[PDB]
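Participant: Provided herewith is a single structure, encoded as structure tokens, for subsequent inquiry.
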Amino acid sequence: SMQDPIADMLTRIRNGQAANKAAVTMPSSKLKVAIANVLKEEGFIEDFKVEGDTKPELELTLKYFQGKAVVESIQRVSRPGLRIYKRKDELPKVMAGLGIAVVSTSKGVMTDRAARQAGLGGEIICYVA
Amino acid sequence: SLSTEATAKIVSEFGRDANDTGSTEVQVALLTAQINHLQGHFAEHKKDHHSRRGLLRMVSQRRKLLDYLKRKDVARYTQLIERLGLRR
Amino acid sequence: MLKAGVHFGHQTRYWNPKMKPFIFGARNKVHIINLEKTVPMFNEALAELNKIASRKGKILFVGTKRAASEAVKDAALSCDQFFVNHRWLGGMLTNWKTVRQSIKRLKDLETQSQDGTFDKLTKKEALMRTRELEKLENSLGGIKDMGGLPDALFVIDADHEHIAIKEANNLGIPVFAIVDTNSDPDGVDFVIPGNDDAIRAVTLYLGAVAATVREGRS
RNA sequence: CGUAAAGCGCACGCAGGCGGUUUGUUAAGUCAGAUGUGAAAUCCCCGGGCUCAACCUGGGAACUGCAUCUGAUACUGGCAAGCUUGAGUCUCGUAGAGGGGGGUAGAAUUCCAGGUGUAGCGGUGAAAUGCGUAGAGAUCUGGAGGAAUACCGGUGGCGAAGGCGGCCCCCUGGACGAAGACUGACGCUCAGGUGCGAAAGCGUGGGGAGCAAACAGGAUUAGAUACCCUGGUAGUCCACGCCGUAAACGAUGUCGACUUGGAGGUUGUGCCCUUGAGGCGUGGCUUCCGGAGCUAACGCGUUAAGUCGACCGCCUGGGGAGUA
Ligand SMILES: [Mg+2]
Ligand SMILES: [Mg+2]
Ligand SMILES: [Mg+2]
Ligand SMILES: [Mg+2]
Ligand SMILES: [Mg+2]
Ligand SMILES: [Mg+2]
Ligand SMILES: [Mg+2]
Ligand SMILES: [Mg+2]
Ligand SMILES: [Mg+2]
Ligand SMILES: [Mg+2]
Ligand SMILES: [Mg+2]
Ligand SMILES: [Mg+2]
Ligand SMILES: [Mg+2]
Ligand SMILES: [Mg+2]
Ligand SMILES: [Mg+2]
Ligand SMILES: [Mg+2]
Ligand SMILES: [Mg+2]
Ligand SMILES: [Mg+2]
């Protein structure tokens, strides 16, 4: 059931991508957005778009560089069944540094490079590379 | 499974008006209606095991709905079960 | 823009999902390809095609079917170009080194047709040895001499030529090919939409390819 | 955890876990900093002392922890009030071996009665046992009774599973579709618990045509406690109540979202000179084939065994043992 949307996002992406699908949409939310943000701002998607009002609709434009998709792997990490939280010193780094980890902090949803520089930590929503 | 006349009658006896059809109280009451009706179908027969399944489904549906109301508006809950005559 | 009078598209169901981007069809139980997206594929098509033909064109107009074999042993055959118009003896690229002597037997025989031994031995051996040569001739004509190693490859019907194309992909050979709606692209580097087993789209583009190798740098 | 160990036979559901979307607030989880504390030894790093080393020793580092204070508010939790797509309710219809009860029909078998008719019938590989001169079998007519419903009939349909096929009425469950209207997260899952659950089997009473464990006879065979034959009891049928198991199998737990295609079957519904027995769409279910992908392979493949998440069940070498 709907129960975990954020994985559903991570997934609708993962999938469409593997389906060399141009765009991809889904029910939106404060949260979906903030991540679609980091995802664009870190250059894993072209650009997002939320087209509705009562029943908002996040829409992401996918990217493809060579022939490949740009997003080579996108996984949940925290989840309803099992929440993950890391302190600053204990934040994770994906692919040695390449690619990134989305972490939500008391100062908003930012990357790991980010939250690290911000000197704090929070819930590690997902990994991406 | 209950009449249009009958089901209507009760919407009109429990909701704001005919149309306020999905009002908690209403659902409960037109459920409660069919359950009781049925008591006699299963009085005779009794081996109608299959149909029995549907009836329980009615009871547990109603049960969950009753549970909802109570949490929401306790005031409305109590009135209901009195007026519907259950929860001994 | 268009030039293909009546090759429009072709091929009914049997359509290959991956061939959607070049389809605008839907006429009476059959796709018309996207005419207006084929021609931008003469651009690039005959371009890197020629861009090498002046760097020196070695080709292989590979295309078979007792229904267009001869129409390939043509000005397709004639120019800076080799060809195959019969059963693609599998491994003829990937095993050229074995096959290279299936050549020696062709020559060392016809070179000896109106020469060498010939009207001699028995009049059994006679046409009972020209059957050796006849057989060889088709499927191993166009090969004759391969002077400059097979360099690009131009194929009529992508999938019908499973093997040919495959070998290329394996040996790093450009493969220019036209792909009907039904066929699987991506085996083909330079892809050309539109019909691939009708007497026109052949000759047309076929003949038109002969026209760009046969002239690049005088 | 399809076929190797492993999905409970099926469902409903308490506790529990998890839970769409918006704004406010809370600050428990979470995060930040500060302070105290985290015995020494030990470990580790750099040294120093015993001829070296083990050994001894200086000083750091480390003790990933705990608590207090103050902060941060994205996520989670709490409180509040909403929201409409999740989930329900309502309206008219549609298909159906879905369930329960009662009624009823023709075809056959067995039996009873009678006409005609006469020496065999029946059965096997071949036989014999058996049946017939008290007239069999064969045929015809009338009658009794039980059991099951040919054709339709179909990788057809319904049900949670078990499983449900003549026809008719009554009672009744679920599913699906088309419009909009109402509720407003009322949801998902579910250890425990409760219900249902083929056949055989048990209890009391019926009922008994055919079939048939047991048992008897006849054969076959080296033997024949069998396979075959002639018989035939429980049982197979009804009511009431037990039992609770099956290769209860898709050997594939339930719910949700996402991801190229192709040819059927079945069932709703919108549009098109209905002007064709149709034309183009749009749901539910179903069979075959097949792409990525997955797989030890076989295979699966939008009805997943692909890609993800929520909860539950279960596996941890064979035998011993699903035994004590
Ligand atoms: Mg097993
Ligand atoms: Mg099961
Ligand atoms: Mg949310
Ligand atoms: Mg210490
Ligand atoms: Mg020393
Ligand atoms: Mg909150
Ligand atoms: Mg009779
Ligand atoms: Mg009779
Ligand atoms: Mg019904
Ligand atoms: Mg039971
Ligand atoms: Mg029984
Ligand atoms: Mg009995
Ligand atoms: Mg017997
Ligand atoms: Mg068992
Ligand atoms: Mg398949
Ligand atoms: Mg399909
Ligand atoms: Mg799955
Ligand atoms: Mg036991």
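Naming scheme: A, B, ... for chains in displayed order of the structure tokens; residues 1 onward per chain; ligands 1 onward as shown.
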Do a neighbour search on residue 8 of chain B at 9 Å with only C-alpha atoms (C1' of nucleotides), toss out local chain neighbours closer than 3 positions, and write the hits as a ChimeraX atom specification.
Facilitator: /B:3-5,11-13,18,21 /D:90
Participant: Quick one: everything within 6 Å of segment 57-66 of chain A, counting only C-alpha atoms (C1' of nucleotides), minus sequence neighbours fewer than 6 positions away in the same chain. Send it as a VMD selection string.
Facilitator: chain A and resid 22 to 28 45 to 51
Participant: Can you list every residue of chain C that has an atom at most 12 Å from chain A, with its nearest atom pair and the distance in Å to one decimal, using only C-alpha atoms, ordered by chain then number, as a Markdown table?
Facilitator:
```
| residue | atom | partner | partner_atom | distance |
| --- | --- | --- | --- | --- |
| C:17 | CA | A:19 | CA | 12.0 |
| C:18 | CA | A:20 | CA | 10.9 |
| C:186 | CA | A:67 | CA | 11.4 |
```
Participant: When the cut-off is 8 Å and you count only C-alpha atoms (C1' of nucleotides) and all ligand atoms, which residues lie near ligand 4, shown as a PyMOL selection string?
Facilitator: chain D and resi 39-41+63
Participant: Could you tell me how far atom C1' of residue 248 of chain D sits from atom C1' of residue 1 of chain D, in Å to one decimal place?
Facilitator: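 Spanning atom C1' of residue 1 of chain D to atom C1' of residue 248 of chain D is a straight-line distance of 19.1 Å.
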Participant: Hey, which residues come within 10 Å of ligand 18 if we count only C-alpha atoms (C1' of nucleotides) and all ligand atoms? Could you give them as number ranges by chain?
Facilitator: D: 321-324
Participant: Taking only C-alpha atoms (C1' of nucleotides) and all ligand atoms into account, which residues have an atom no farther than 7 Å from ligand 1? I'd like them as a list in words.
Facilitator: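 Listed by chain and ascending number, the contacts are residues 4, 5 and 6 of chain D.
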Participant: Which residue, B:86, B:33, B:56, B:81, has the smallest gap to chain D when you use only C-alpha atoms (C1' of nucleotides)?
Facilitator: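 For chain D, the nearest of the given residues is B:56.
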Participant: With a distance threshold of 9 Å and counting only C-alpha atoms (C1' of nucleotides), extract the residues of chain D near chain A and express them as a ChimeraX atom specification.
Facilitator: /D:17-21,30-32,72-76,83-86,187-188,255-260,292,307-310
Participant: Between atom CA of residue 39 of chain C and atom CA of residue 153 of chain C, measure the distance and give it in Å to one decimal.
Facilitator: 19.6 Å
Participant: Could you pull out the alpha helix (DSSP H) residues of segment 5-123 of chain A from DSSP and send them as a PyMOL selection string?
Facilitator: chain A and resi 5-18+30-41+112-117
Participant: For ligand 10, list the contacting residues at 7 Å or closer, counting only C-alpha atoms (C1' of nucleotides) and all ligand atoms, as a PyMOL selection string.
Facilitator: chain D and resi 196-197+244
Participant: Go ahead and save the residues from that selection, with C-alpha atoms (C1' of nucleotides), as a PDB file, in the first residue's frame.
Facilitator:
```pdb
ATOM      1  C1'   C D 196     -14.726 -22.690   7.140  1.00  0.00           C
ATOM      2  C1'   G D 197     -12.429 -26.900   5.321  1.00  0.00           C
ATOM      3  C1'   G D 244      -9.888 -31.010  10.799  1.00  0.00           C
TER       4        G D 244
END
```
Participant: Using only C-alpha atoms (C1' of nucleotides) and a distance of at most 12 Å, pull out the residues of chain C that contact chain D, as a list in words.
Facilitator: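 Close enough to count are residues 12, 13, 14, 15, 16, 17, 18, 19, 20, 182 and 184 of chain C.
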Participant: Show me which residues line ligand 8, defined as having an atom within 8 Å of a ligand atom where only C-alpha atoms (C1' of nucleotides) and all ligand atoms count, and present them as a PDB file with N, CA, C and O atoms (P, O5', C5', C4', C3', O3' and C1' of nucleotides), in the first residue's frame.
Facilitator:
```pdb
ATOM      1  P     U D 141     -42.684 -51.133 -25.872  1.00  0.00           P
ATOM      2  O5'   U D 141     -43.814 -51.408 -24.783  1.00  0.00           O
ATOM      3  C5'   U D 141     -45.149 -51.679 -25.179  1.00  0.00           C
ATOM      4  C4'   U D 141     -46.002 -52.102 -24.011  1.00  0.00           C
ATOM      5  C3'   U D 141     -45.757 -51.362 -22.708  1.00  0.00           C
ATOM      6  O3'   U D 141     -46.345 -50.080 -22.660  1.00  0.00           O
ATOM      7  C1'   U D 141     -45.878 -53.673 -22.276  1.00  0.00           C
ATOM      8  P     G D 142     -45.724 -48.981 -21.670  1.00  0.00           P
ATOM      9  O5'   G D 142     -46.272 -49.432 -20.248  1.00  0.00           O
ATOM     10  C5'   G D 142     -47.667 -49.548 -20.029  1.00  0.00           C
ATOM     11  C4'   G D 142     -47.975 -50.267 -18.743  1.00  0.00           C
ATOM     12  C3'   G D 142     -47.335 -49.707 -17.484  1.00  0.00           C
ATOM     13  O3'   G D 142     -47.974 -48.555 -16.975  1.00  0.00           O
ATOM     14  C1'   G D 142     -47.081 -52.040 -17.504  1.00  0.00           C
ATOM     15  P     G D 143     -47.083 -47.457 -16.225  1.00  0.00           P
ATOM     16  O5'   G D 143     -46.527 -48.223 -14.944  1.00  0.00           O
ATOM     17  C5'   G D 143     -47.368 -48.431 -13.825  1.00  0.00           C
ATOM     18  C4'   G D 143     -46.736 -49.304 -12.770  1.00  0.00           C
ATOM     19  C3'   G D 143     -45.617 -48.685 -11.961  1.00  0.00           C
ATOM     20  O3'   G D 143     -46.095 -47.804 -10.969  1.00  0.00           O
ATOM     21  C1'   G D 143     -45.047 -50.903 -12.545  1.00  0.00           C
TER      22        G D 143
END
```
Participant: Return as a ChimeraX atom specification the residues of protein, DNA or RNA that approach ligand 2 to within 8 Å, with only C-alpha atoms (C1' of nucleotides) and all ligand atoms taken into account.
Facilitator: /D:7-9,253
Participant: In terms of the shortest atom-to-atom distance over only C-alpha atoms (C1' of nucleotides) and all ligand atoms, which of D:283, D:173, D:301, D:157 is closest to ligand 15?
Facilitator: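 Of all the options, D:301 lies closest to ligand 15.
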Participant: Could the residues of chain D within 7 Å of chain B, counting only C-alpha atoms (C1' of nucleotides), be given as JSON, numbers by chain, please?
Facilitator: {"D": [89, 90, 99, 100, 101, 171, 172, 173, 181, 182, 183, 186]}
Participant: If you run DSSP on this backbone, which residues of segment 51-98 of chain A come out as strand (DSSP E or B), and could you give them as a compact mmCIF listing (two decimals) with C-alpha atoms, in the first residue's frame?
Facilitator:
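Output file result.txt follows:
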```txt
# COMPACT_ATOMS: atom_id res chain seq x y z
CA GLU A 57 1.60 16.33 -9.43
CA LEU A 58 5.38 16.18 -9.19
CA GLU A 59 6.93 15.65 -12.60
CA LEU A 60 10.58 14.89 -13.23
CA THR A 61 12.45 15.13 -16.50
CA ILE A 74 18.79 4.78 -6.50
CA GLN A 75 17.94 2.98 -3.21
CA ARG A 76 15.93 3.69 -0.05
CA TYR A 85 19.67 8.36 11.50
CA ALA A 96 33.72 6.80 -2.25
CA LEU A 98 31.14 10.27 -6.45
```
Participant: Quick one: residues within 12 Å of residue 70 of chain C, only C-alpha atoms (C1' of nucleotides) counted, chain neighbours fewer than 4 positions away excluded, as a VMD selection string?
Facilitator: chain C and resid 61 to 66 74 to 77 83 to 86 138 141 to 142 199 202 to 203
